[PDB]
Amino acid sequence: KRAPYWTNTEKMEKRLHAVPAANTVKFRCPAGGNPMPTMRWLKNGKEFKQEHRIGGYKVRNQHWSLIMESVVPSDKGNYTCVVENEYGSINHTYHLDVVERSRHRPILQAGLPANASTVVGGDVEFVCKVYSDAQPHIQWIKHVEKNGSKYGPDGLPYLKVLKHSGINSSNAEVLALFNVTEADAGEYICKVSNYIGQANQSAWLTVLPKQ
C-alpha cells in the first residue's frame, strides 16, 4: 500500500513540446501506486473534456498517456496529468506549442511590386512581400535589350539580375533606384524561389521628362 509515484521521469524531462499542426501529439506520465492510481488530464488547469477540441482525444491507461491527433493551433496550452489513489495525488504539466508548416513554393502578396512613375533624376523603389516557410531567395530582374532586341532567337527574353538575396545584400525585399534616366523605364520583376519552387510578379517604371 502506497501513495502514487513516478516510474519513468526520463520521459518527462521535456519542458516544451512543439509540434507541426496536423501531426499527432502524445503525452505520458508512467505511474505507480497501491491501490493502482487513476489518471486524469487537465488543459490549462481545468478538466479536459472530449468536446473541448474537434475529434476529441484518447487516453491509454496501459501507457498512462493522452493522445491528440491532427493538432491545430488552438490545441496549444498546458496539459496536466493528475495521478491519484486514496493515499495521495501527484501531477505533471507539459506545455504544447503548435506551428503551421507548409511545403509550398513561395507566395507573393498581390499588388506588389506596384507600378511607379518618376521624372528623370528622381528616385523610386519597388517592394516585394513574400510568404515562404522554406527560406526564400529573392532576385530583382529587368527585361533588357541586346543588339537592339528584347528577345533571343529561341524566344527567351533577355534578362538581367539587378540584385539578389545574400549576406552581401542589404534589404533583398526592396529594389531602390536612384537618379533615374529614361533608360531605366521598363518592367522590373521580383522572382522568389525556395527549393520547392518559384513565383514572380512584376511592375512597370514610367520615367517622365524633367519639364
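Just count from 1 along the sequence shown to find any residue number.
A.B. asks: Determine, for stretches 147-155 and 59-67, which one has the higher mean CA B-factor as deposited.
C.D. replies: Mean C-alpha B-factor is greater for 59-67.
A.B. asks: Between 72-80 and 85-93, point out the one with the higher average CA B-factor as the PDB entry records it.
C.D. replies: Comparing averages over the C-alpha atoms only gives 85-93.
A.B. asks: State the tercile, meaning the lowest, middle or highest third, of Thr118 with respect to the CA B-factors recorded for its chain.
C.D. replies: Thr118: CA B-factor falls in the highest third of its chain.
A.B. asks: Where does the C-alpha B-factor of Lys191 rank in its chain, lowest, middle or highest third?
C.D. replies: Bottom third by C-alpha B-factor.
A.B. asks: Tell me, lowest, middle or highest third: where does the Cα B factor of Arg15 rank within its chain?
C.D. replies: Its C-alpha B-factor belongs to the middle third of this chain's values.
A.B. asks: Please say which third, lowest, middle or highest, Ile54 falls into when its CA temperature factor is compared across its chain.
C.D. replies: For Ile54, the deposited C-alpha B-factor lands in the highest third.
A.B. asks: Splitting the chain's C-alpha B-factors into thirds, which one does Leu175 fall into?
C.D. replies: Lowest third - that is where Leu175 ends up once the chain's C-alpha B-factors are sorted.
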